[PDB]
Amino acid sequence: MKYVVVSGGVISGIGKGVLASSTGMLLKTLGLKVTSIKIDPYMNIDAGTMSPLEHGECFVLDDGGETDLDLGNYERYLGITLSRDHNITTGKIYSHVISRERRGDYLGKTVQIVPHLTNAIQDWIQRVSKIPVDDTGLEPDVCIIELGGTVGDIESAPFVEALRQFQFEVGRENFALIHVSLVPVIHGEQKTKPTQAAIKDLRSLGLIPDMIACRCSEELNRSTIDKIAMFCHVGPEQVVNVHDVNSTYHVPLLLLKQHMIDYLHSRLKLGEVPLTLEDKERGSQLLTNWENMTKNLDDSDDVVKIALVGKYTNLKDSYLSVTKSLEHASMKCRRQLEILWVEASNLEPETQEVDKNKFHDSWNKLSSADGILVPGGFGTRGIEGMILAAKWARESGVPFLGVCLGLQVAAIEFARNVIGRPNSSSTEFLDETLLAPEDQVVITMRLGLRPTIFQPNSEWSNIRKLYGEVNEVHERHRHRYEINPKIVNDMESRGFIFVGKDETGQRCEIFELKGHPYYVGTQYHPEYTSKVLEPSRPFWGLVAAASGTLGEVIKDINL
Amino acid sequence: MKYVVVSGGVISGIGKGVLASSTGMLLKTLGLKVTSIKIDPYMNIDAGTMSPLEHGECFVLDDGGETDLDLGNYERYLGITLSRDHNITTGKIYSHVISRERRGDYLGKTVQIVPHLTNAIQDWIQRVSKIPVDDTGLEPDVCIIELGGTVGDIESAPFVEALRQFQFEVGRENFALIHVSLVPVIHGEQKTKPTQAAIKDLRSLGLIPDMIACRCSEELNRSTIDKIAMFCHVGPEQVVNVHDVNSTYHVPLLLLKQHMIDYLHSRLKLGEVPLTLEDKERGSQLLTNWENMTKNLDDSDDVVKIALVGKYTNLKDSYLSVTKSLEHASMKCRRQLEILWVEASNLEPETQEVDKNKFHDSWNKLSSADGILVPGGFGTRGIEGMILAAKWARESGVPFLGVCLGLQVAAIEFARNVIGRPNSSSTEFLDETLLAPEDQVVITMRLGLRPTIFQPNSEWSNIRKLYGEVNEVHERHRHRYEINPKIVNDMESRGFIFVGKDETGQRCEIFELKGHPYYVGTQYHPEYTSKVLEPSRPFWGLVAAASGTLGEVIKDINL
Amino acid sequence: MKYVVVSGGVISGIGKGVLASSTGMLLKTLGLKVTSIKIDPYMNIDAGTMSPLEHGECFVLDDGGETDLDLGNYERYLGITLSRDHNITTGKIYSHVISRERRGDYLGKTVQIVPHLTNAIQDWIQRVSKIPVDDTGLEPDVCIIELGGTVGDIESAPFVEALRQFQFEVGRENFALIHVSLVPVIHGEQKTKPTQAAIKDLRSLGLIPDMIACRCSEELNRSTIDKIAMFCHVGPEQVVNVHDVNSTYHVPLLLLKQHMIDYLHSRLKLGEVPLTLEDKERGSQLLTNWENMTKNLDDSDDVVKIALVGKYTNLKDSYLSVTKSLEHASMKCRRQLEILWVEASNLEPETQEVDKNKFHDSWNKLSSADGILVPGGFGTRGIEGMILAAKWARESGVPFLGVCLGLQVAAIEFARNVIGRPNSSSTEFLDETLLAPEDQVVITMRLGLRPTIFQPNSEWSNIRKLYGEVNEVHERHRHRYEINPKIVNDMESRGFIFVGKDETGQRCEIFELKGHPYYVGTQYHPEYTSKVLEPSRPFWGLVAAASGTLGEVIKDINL
Ligand SMILES: Nc1ncnc2c1ncn2[C@@H]1O[C@H](COP(=O)(O)OP(=O)(O)OP(=O)(O)O)[C@@H](O)[C@H]1O
Ligand SMILES: Nc1ncnc2c1ncn2[C@@H]1O[C@H](COP(=O)(O)OP(=O)(O)OP(=O)(O)O)[C@@H](O)[C@H]1O
Ligand SMILES: Nc1ncnc2c1ncn2[C@@H]1O[C@H](COP(=O)(O)OP(=O)(O)OP(=O)(O)O)[C@@H](O)[C@H]1O
Ligand SMILES: O=c1ccn([C@@H]2O[C@H](COP(=O)(O)OP(=O)(O)OP(=O)(O)O)[C@@H](O)[C@H]2O)c(=O)[nH]1
Ligand SMILES: O=c1ccn([C@@H]2O[C@H](COP(=O)(O)OP(=O)(O)OP(=O)(O)O)[C@@H](O)[C@H]2O)c(=O)[nH]1
Ligand SMILES: O=c1ccn([C@@H]2O[C@H](COP(=O)(O)OP(=O)(O)OP(=O)(O)O)[C@@H](O)[C@H]2O)c(=O)[nH]1
Ligand SMILES: [Mg+2]
Ligand SMILES: [Mg+2]
Ligand SMILES: [Mg+2]
Ligand SMILES: [Mg+2]
Ligand SMILES: [Mg+2]
Ligand SMILES: [Mg+2]
């Protein structure tokens, strides 16, 4: 196994995940089988009970792991499936050796951070990097390890000791370190000093970078590259310049043209990995696919506006998988996506009494939609704001997708305005009395990859026709609440057909409304299964409907 | 609450525990109520499943906590009872916040080492320092915190952050730091440089020593004290000189004469603690008691030799509580104790085929006994070696105490040589066939303070007469095995009377043999209850019998 | 003496000098006498033989010290005169103790960085902070120490040890530390982590900030201020927010409104400094003056364009004193200054063969002048480019100031085009043959405050009338070359009158050309004497002439 560690910098939120994902994607263009491990040095065992103001969205895995959105970056760039073992945390690793000490496995010795916890980190990396994550089912060739946070944090201390020990457990030809760092620009001076401090903090912890990646608001000057290669003990070929590109799909193509792949190929002896003519063929095909879709994104600049209505829409990484899933769909349609970031609370009439401007800008943005998305949501504050947008899309014919909370507000709105239940509601939203017209109810979490089966007469529906001839869709869940199973056969009478369900028939998982060109929702999160070259079908349907091109996209799928 | 942190140095095994125990004992001479917390920065939740080649004996608490022998130092010097909460470990504190994160208590935030783990350490210290540990049942005035290991270890990093934060959560008048450091002597130069490195490592972690304690093989030169007070930013009154004294009972009297108590009194504003005339009276009485017993130890130099037969007897901290319990008994009798450190395996005839010298030196030492002790033991290797010494003491009339494994080998030996069971044995020692004559059997551990009740006709026995008129003794247990309850009434026929038992009658806990001046054993560990001014009664009995003074000691107790 | 140390950050080039200068200016508004010391931790004994691509212009002192442009910031904000002792360097301080060791002054002891070099730094700060630097001639009350570079550099290591020792040599009420740090903004997140690293590097070196100053491209969020006050152990009143203001004259007024002065007043006990009613009167007058000139700068937005022709004009701190001197003049005239940054080489016809665009943009900018400045210069490359602009200003009547190299190119141009010497030249520019018509010649440097005397019949000249009735001007020099003394009486025949000279008559130091409304030059650097409330007279003349307001400004001076 070869290891690329992507690490550090003076800040988090810089590009370690995009650069790791890009590096792994580029090694996959040589036909290498690439896996990835995220290390999040935090006490949380998982991202499941975090709130998205810190580290953005939760990402759900096939096994129902709730994880850092970096695993989502790896899944979509590398085209791989990860387990909850591919995320290591301080919480996970301390819990592991503390269980192993209580079990007596350390044979009466003092259990210590070195050797025992750093051994356990190295054992975890070696175990998990051998797990097959491609659909070929073969063991990986390269593992990208991304060390989250900053090097020289108190939290990352056990992991940097584990990684400098690992660098000698595996040979030098098997381990390379990339350090990502900020080059700030101050009065048009590009400042090298934060990167010099960061490389001295690496050396202080016993690590030496094989690459520097510099993140900057402009291209590095050759003065700046040479001063980095003086005060950090590296050659100028070992500095890469990653300059705030207009889209993340272009970042691999910077790293490619700057000869990073030629450096890593030599530095890790990658020509000595056995690769078949089929592997190099798949690798070269991926390069041509990626260059095609990046050219298409760059060239095909004609707009589509999708209004995204939800909480926290000022923090755009709170919806990273939604944003990326919408981009995959829009790039497949060769249209320039704009996301209209509508704070759902601003649409509520109670905002208009506080401020005219936010209410009118948010309703004008919602009115400016070619299509509407109500994504999954983190809490109750804004449910009426989302029901208002669910209504306006139904009323005005604008293409609509309801994902998770979106399906729940779509069924609530339709019950209120089309079934004729003028007070029907959500058990999540209110429990002040034991209401009889409860549309959304509980049946501690439903997580991971589950089968949704299509209902027998569903073939009229555009959502099934976007999946094609198939009877099952396999998709990822994250919900404790769902629709009340006694109400659904009354709701189907007005045309809100539950197109797909659990194999039991007791859980409702896809709907399409008959009386509308595209008014759909899913109880699964379709974002988490989206890939750069093959979008998630509900999101491809939404953007194709919003473009007016739905029939042409449904025709391409069923061919 | 006032806090004295005792910390660090270039080595462990130096004196932090003796100096902490001495400092706390001295603050108790002002009548202050003194508690203590040990921080062991290791992954072990407790010392229960460790082996004594690292950090010496396990110490058992009243609650059945299995802990570092430093809690035993605090219990005997301060005269206090500790809970398993008075030892903090890396294993305990990570397990605590990881449970609290899984329980959702951190309200959706990222759980991190700062603030969340260092808050949890500060909360634990504040909670536990308020627990009553004196028999007065009042809240403590001063807490001695002893930080185990070395400052600038990766393991101690979260605790030094917690302690430098704690120094500002409590006011400066409430927190003082003592740093203990090695002054090596090299060609008669006293070297200050290891202490200069240690004080710069403290400053680096944001802590400043209020005291330096220097451990040295000779008294510090005034050149050495002045060079410490130059290169460490302290006054010469802030350096104490702790010079390898002939016994640890003299260490408080160094720290007292060197004005450490006058420094701490001013530095922590201790005259502003409310103290009653009864508190200052108890405090002054303790000082006079301690000066009396130290003078008695220094003056009363006439020898008694107790042979201690067990595993690991080359590592004398493997028996610290036994050693200290024997010293308390010997000082009460005003006799100079020598411990004859007999490796039990060397007494076995199979040693004589390897080496004559170890077999003959160990049997000559055992023959040189005024009395014999078989302490509790860590494993099977040497059980025959301990049965040989149990025999020779019974045969030759030499006073014998069997503690734990000692009682078990004493009953095994008596079954083999006095009941006439020529093959009877221990379920711990052998299980190669389903033996019928099993004397030692299992009934996952029995731990903590339990009542032993004396049997009704037991009053002839010298062991009961050493406890006095009382019907119960309350003592601490650490055994999974004990005596077979069907055999005991046959064993009593030859005079091996089980003087005391559990309240059930089903568990046997004290015996005395009739036909011998002192041949006794306990299923409890009597060491763990011993105090400097009042020895453990089985050990007072052993040393008094070995001195020939048993009647005079039994007369002093029953007066 | 009170001490404010201004320090550190993840970068240099951030604001330590502007914030130090602003802080000292604000303490002067309380009537305190404020001095300043710069520490430049570099091997250069002085800035005299540096080149301005690193650390901008050289600044010349009254004693002829050649120093960091920070001493120029202190001189103009605080209104004080500094000596070469007010700049400490690694070169200066090592040279000092190495001389003192060679002289035997350390009495046979090992001379070491601690104590001997850090003592010498503390002795230098104490000596130099007592030197009178105001015109009142009294000893200072507060010394601002600005530590140049980054804290945790290898170069700054001896100075941070000296400063943490100094913090205890002087009492806490006498020493306060301000740390200046970068808060970068990345996708609209304000990132606290670089400042957390910087405050842990301070604590690591044994220093604790009394203030954080955060430099950011926008106002700090209260989330950001609170997260700084969590992870750096400070109160939220101890964080100041210094947000990229449109001019440096507004920076004191941020620090004032954010209660920094109220914090420092309490933290340094400044009400306990004895101050007279005259001191507080001068202090309050300075505040009203500063608020008046900042309002005038903000309000009076009507443009004047001064074209500045020289080397390195892309690096605007290469001319900081010129830029600031031009602003003082422009603010006195209540006009909005634009500086047209003309690279003198681009005006040369040889540029037009390489690139049309730079030649035409630079000549169009020069043509766009309301007035022209040829400042002092660092070398020969561009002398013809400066002679071209000297010509075009003379030819087209545009107001011209020649400072240093400017006077030399003005005399060269006039010799070439008005005396009729078609080949006359500079000994600095060419020495390929022993030319007879040398206008600029050598008489190793002429530095510091020197008297220029006005010639007796000079009173017609506008430059004398801008100084007023006076016979002497005292001004600062930095030249090895000057005008040939045999040529001047021929050059005066065509109206290029040398209005002022050295007291010898042998050195020529001010000229004015008769046939032009303002075509002047100085052999001294008039920038170095400029003050915020009272501009340098040659620069006040230039901007007033360029504004068309010269008569009104000359009338205000002579009133
Ligand atoms: N060069 C770039 N140009 C544009 N966007 C970029 C670039 N590099 C990264 N990004 C975007 O920046 C976001 C933040 O970066 P990333 O998540 O990779 O940062 P980080 O340092 O890894 O930490 P964190 O997980 O805390 O955000 C990414 O999710 C990606 O969308
Ligand atoms: N000045 C002294 N003279 C004699 N014996 C001493 C002295 N100081 C300490 N000791 C003895 O040294 C032993 C080892 O010291 P102590 O346990 O206090 O060390 P440490 O640094 O605390 O660490 P550890 O718990 O790992 O042994 C003590 O148990 C005590 O019996
Ligand atoms: N808040 C601000 N807004 C605008 N300009 C500023 C601000 N703070 C500083 N400046 C300008 O920035 C320049 C660079 O800052 P300054 O010289 O004070 O930086 P530094 O960290 O001190 O180091 P160096 O001396 O190396 O430049 C100053 O000369 C000043 O003109
Ligand atoms: O105020 C100052 C700034 C700088 N210096 C001296 O100049 C040296 C130059 O180092 P700088 O800190 O100026 O930066 P750098 O050259 O590493 O380049 P950037 O990352 O900023 O682009 C410093 O390391 C120190 O010796 C000072 O002495 N004082
Ligand atoms: O080989 C040597 C030894 C010492 N030295 C120089 O002498 C200085 C004296 O420092 P030392 O390391 O000699 O020790 P010290 O004075 O701190 O005293 P002890 O702790 O050893 O008792 C050192 O810090 C260094 O400057 C050398 O240059 N080389
Ligand atoms: O990739 C990552 C980023 C962050 N983290 C975890 O989140 C913690 C939050 O710390 P961050 O490094 O995210 O920053 P911060 O909260 O100090 O705030 P800014 O300065 O960036 O504004 C980190 O210290 C670490 O525990 C990770 O585990 N991995
Ligand atoms: Mg990441
Ligand atoms: Mg953060
Ligand atoms: Mg100890
Ligand atoms: Mg050890
Ligand atoms: Mg400066
Ligand atoms: Mg620089």
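Residues numbered from 1 in each chain as written, not as in the entry; some residues may be left out. Chains lettered and ligands numbered in written order. Part of a larger assembly, values for the part shown. Heavy atoms only, no water.

Participant: Would you explain the sheet that holds strand β17 (residues 438-442) of chain C in this entry?
Facilitator: As a general point, the strands of a sheet are linked pairwise by backbone hydrogen bonds and lie either parallel or antiparallel. Residues and elements named next belong to chain C. As summarised here, the arrangement of the three strands in space is β16-β17-β20, forming an open sheet in which the pairing is mixed. The sheet terminates laterally at β16 (425-426) and β20 (481-483), the two strands that pair on one side only. In the sheet, β16 pairs with β17 via two bridges, with the strands oriented parallel. Bridged to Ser425 within β17 is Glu438. Each of β16, β17 and β20 touches helix α15 (residues 405-419); the most contacted strand, β20, lies at about 40° to it. (Pairing = 2+ DSSP bridges. Helix = DSSP H or I, 4+ residues; strand = E, 2+ residues; numbered from the N terminus. Contact = heavy atoms within 4.5 Å. Axes fitted to C-alpha atoms, helices over the stretch in contact; angles between N-to-C directions.)

Participant: Teacher, can you tell me more about the site of ligand 3 here?
Facilitator: All names here are of chain C. Around ligand 3, the structure places 13 residues, and the nearest of them are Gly13, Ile14, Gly15, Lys16 and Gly17. A distance of 3.5 Å separates a nitrogen atom of ligand 3 from a polar side-chain atom of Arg215. Counting residues per element, the shell around ligand 3 draws most heavily on helix α1 (residues 16-29), which supplies three residues. Counted by class, the shell around ligand 3 contains three nonpolar, six polar and four charged residues. (Near = heavy atom within 4 Å. Polar contact = N/O pair within 3.5 Å; in protein donor to acceptor, adjacent residues only side chain to side chain. Nonpolar A, V, L, I, M, F, W, Y, C, P; charged D, E, K, R; others polar.)

Participant: Would you mind showing me how to read the coordination of the magnesium ion (ligand 11) here?
Facilitator: The protein atoms donating to the magnesium ion (ligand 11) are C:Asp70 (OD) and C:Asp70 (OD), with metal-donor distances spanning 1.9 to 2.4 Å. Here C:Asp70 shows up in helix α2 (residues 69-79). (Donors = N, O, S within 2.8 Å, 3.2 Å for Na, K, Ca; no water.)

Participant: Got a minute to help me understand the nonpolar core in this structure?
Facilitator: General note: in soluble globular proteins, nonpolar side chains tend to be found buried as a group. In terms of nonpolar packing, the biggest core is built from 92 residues, with A:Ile125 and B:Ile125 touching the most fellow members. Ignoring sequence-local partners within four residues, the contact set of B:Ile125 consists of B:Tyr3, B:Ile37, B:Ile39, B:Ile88, B:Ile145, B:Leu163 and B:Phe166. (Core = buried A, V, L, I, M, F, W, Y, C linked by side-chain atoms within 4.5 Å. Buried < 20%, exposed > 50% of the residue type's maximum accessible area, 1.4 Å probe, protein only.)

Participant: I tried to follow the interface of chain A and chain B on my own but got confused; where do I start?
Facilitator: Bring the parts together and some accessible area is lost; that lost area is often taken as the interface size. On the chain B side, the residues contacting the 31 residues of chain A number 31 residues. Scanning the region where chain A abuts chain B turns up two salt bridges. Scanning the region where chain A abuts chain B turns up 14 residue pairs in polar contact. Going through the elements one at a time, α3 (90-102), α4 (113-129) and α5 (157-169) of chain A are the ones with two or more residues in the side of chain A that touches chain B. (Salt bridge = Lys/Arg side-chain N within 4 Å of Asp/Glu carboxyl O.)

Participant: I would appreciate a short explanation of the interface of chain A and chain C in the present structure.
Facilitator: Taken together, the contacts link 16 residues of chain A with 16 residues of chain C. Residues A:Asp153 and C:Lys193 are paired through a salt bridge, measuring 3.0 Å at the closest nitrogen-oxygen approach. Between chain A and chain C we count four residue pairs in polar contact in total. The class makeup of the residues in the side of chain A that touches chain C is seven nonpolar, five polar and four charged.

Participant: How should the sheet that holds strand β16 (residues 425-426) of chain A be read in this particular structure?
Facilitator: Residue and element names in this part refer to chain A. Strand order in the open sheet made by the three strands is β16-β17-β20, with mixed pairing throughout. With partners counted over all chains shown, the strands left at the sheet margins are β16 and β20 (481-483), one partner each. The sheet strands contacting helix α15 (residues 405-419) are β16, β17 (438-442) and β20, and the helix crosses β20 at an angle near 40°.

Participant: Looking at this structure, how should I read the site of ligand 2?
Facilitator: Residue and element names in this part refer to chain B. Taken together, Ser12, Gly13, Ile14, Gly15, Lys16, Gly17, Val18, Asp70, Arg215, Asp244, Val245 and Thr248 are the residues near ligand 2. Here an oxygen atom of ligand 2 sits 2.8 Å away from a polar atom, N or O, in the main chain of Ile14. Contact with the protein chains removes 81% of the 610 Å² of surface that ligand 2 exposes when unbound. In the shell around ligand 2, the residues fall into three nonpolar, five polar and four charged. (Areas by Shrake-Rupley, 256 points an atom, 1.4 Å probe, with all protein chains shown as cover.)

Participant: I tried to follow the side chain of A:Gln408 on my own but got confused; where do I start?
Facilitator: All names here are of chain A. Within the secondary structure, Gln408 sits in helix α15. By relative accessible area, which is 5% here, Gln408 ends up buried. In this structure the side chain of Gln408 is engaged in a polar contact, spanning 2.9 Å, whose partner is the side chain of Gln523. Among residues more than four places away in sequence, those in contact with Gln408 are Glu428, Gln440, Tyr481, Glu482, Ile483 and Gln523.

Participant: Would you explain the domain arrangement of chain A in this entry?
Facilitator: Residues and elements named next belong to chain A. Each domain of chain A was delimited in the assignment, giving domain 1 (2-290) and domain 2 (295-558). If you look at the interface, domain 1 gives 27 residues, while domain 2 gives 26 residues. Summed over both sides, the interface between domain 1 and domain 2 buries roughly 2,200 Å², with carbon and sulfur atoms accounting for 61% of that surface. Across the domain 1-domain 2 interface, the total number found is three salt bridges. The salt bridge partner of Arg476 is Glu75, with a shortest N-O separation of 2.8 Å. (Domains from an automatic or database assignment. Buried area = accessible area lost by both parts, 1.4 Å probe.)

Participant: Looking at this structure, how should I read the packing of helix α14 (residues 383-396) of chain C against α15(C)?
Facilitator: The geometry of a pair of packed helices is captured by two quantities: the angle between their axes and the separation between those axes. Residue and element names in this part refer to chain C. Contact geometry of α14 with α15 gives a least axis separation of 9 Å together with a crossing angle of 70°. On the basis of the axis angle, α14 is roughly perpendicular to α15. Taken as a pair, α14 and α15 cross one another with a handedness that is right-handed. Residue-level inspection shows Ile383, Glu384, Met386, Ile387, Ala390, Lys391 and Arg394 of α14 in contact with α15, the latter providing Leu405, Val409, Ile412, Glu413, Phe414, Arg416, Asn417 and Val418. Grouping the constituent residues of the contact of α14 with α15 by class yields nine nonpolar, one polar and five charged. (Parallel < 35°, antiparallel > 145°, perpendicular 65-115°, else oblique. Left-handed = near helix turned anticlockwise from the far one by under 90°.)

Participant: Would you take a moment to explain the relation of the copies chain A and chain B for this structure?
Facilitator: Note: a rotation about an axis with an accompanying shift along it relates these two copies of the chain. Taken as rigid bodies, chain A and chain B are interconverted by a rotation of 180° and an axial shift of 0.0 Å, the fit giving an RMSD of 0.0 Å. The transformation relating the two chain copies, once decomposed into turn and shift, fits a two-fold axis. Here 100% of the interface residues in chain A have copies in chain B that are interface residues too; the copies meet face to matching face. (Least-squares fit on C-alpha atoms.)

Participant: I'm lost on the relation of the copies chain A and chain C in this one. Help?
Facilitator: Under the fitted operation, chain A is carried onto chain C by 0.0 Å of movement along the axis and a turn of 180°, and the coordinates agree to an RMSD of 0.0 Å. Both copies contact each other with a shared surface, as 100% of the interface residues of chain A are interface residues in chain C too.

Participant: Help me understand unusual backbone geometry in this model?
Facilitator: In most cases, non-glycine residues show a negative phi, while peptide bonds are predominantly trans. Of note, the amide linkage connecting B:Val114 to B:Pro115 takes the cis form, showing an omega dihedral of 5°. Here B:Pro115 lies in helix α4 (residues 113-129). With a phi angle near 55°, A:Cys404 is a residue other than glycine that sits in the positive phi range. Looking at where A:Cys404 falls in the secondary structure, it is placed in the loop between β15 (400-403) and α15. The buried category is assigned to A:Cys404, whose relative accessible area is 8%.

Participant: Looking at this structure, how should I read the pairing of strand β14 (residues 371-374) of chain B?
Facilitator: Across a regular strand the side chains alternate sides, sitting on one face of the sheet and then on the other. Residues and elements named next belong to chain B. Burial along β14 is two-sided: the residues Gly371 and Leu373 and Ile372 and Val374 are all buried. Looking at chain direction, strand β12 (residues 303-310) and β14 are connected through three bridges and run parallel. Bridge pairing in β14 links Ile306 to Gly371. Pairing analysis gives three bridges linking β14 to strand β15 (residues 400-403), with the strands arranged parallel. The residue bridging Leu373 from the neighbouring strand is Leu401, located in β15. Regarding the hand of the β-α-β motif, the stretch spanning β14, helix α14 (residues 383-396) and β15 is right-handed. (Right-handed = clockwise from strand over helix to strand, strands pointing away.)

Participant: So what exactly am I meant to see when it comes to empty space enclosed by the protein here?
Facilitator: Which parts of space are left empty comes out when a probe the size of a water molecule is rolled across the atoms. Residues and elements named next belong to chain C. The calculated volume of the largest cavity comes to roughly 70 Å³. Around the largest cavity sit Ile383, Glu384, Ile387, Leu405, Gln408, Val409, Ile412, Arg416, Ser425, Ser426, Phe429 and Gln440, which together line it. Taken together, the elements giving at least two residues each to the lining of the largest cavity come down to α14, α15 and β16. Looking at which element gives the most residues to the lining of the largest cavity, the answer is α15, with five residues. Classifying every residue of the lining of the largest cavity gives six nonpolar, four polar and two charged. (1 Å grid on protein atoms, 1.4 Å probe; cavity = no way out; pocket = protein on both sides within 12 Å on 5 of 7 lines; lining within 4 Å. Points joined across faces, edges and corners; volume = space filled by probe spheres on them.)

Participant: Teacher, can you tell me more about the environment of A:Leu286 here?
Facilitator: Residue and element names in this part refer to chain A. With respect to the secondary-structure elements, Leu286 resides in helix α10 (residues 277-299). Remark: the alpha-carbon pair of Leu286 and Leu337, spanning 51 residues in sequence, is separated by 24 Å. Beyond its immediate sequence surroundings of up to four residues, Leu286 is in contact with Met25, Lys28, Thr29 and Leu533.

Participant: Explanation requested: the pairing of strand β13 (residues 336-343) of chain A in the structure shown.
Facilitator: Residues and elements named next belong to chain A. Sheet topology places strand β12 (residues 303-310) next to β13; eight bridges connect them, and they run parallel. Across the sheet, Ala307 pairs through a bridge with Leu340, a residue of β13. Handedness of the crossover joining β12 and β13 through helix α11 (residues 320-332): right-handed.

Participant: Explain the state of the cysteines to me, please; I cannot follow it from the model alone.
Facilitator: In a disulfide, the sulfur atoms of two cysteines are held together by a covalent bond. Residue and element names in this part refer to chain B. What the rule picks out here adds up to zero disulfides over all chains. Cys404 supplies the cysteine sulfur nearest to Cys58, a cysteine that is in no disulfide, at a spacing of 11 Å. Judged by relative accessible area, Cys58 falls into the buried class, the value being 9%. (Disulfide = S-S within 2.5 Å.)

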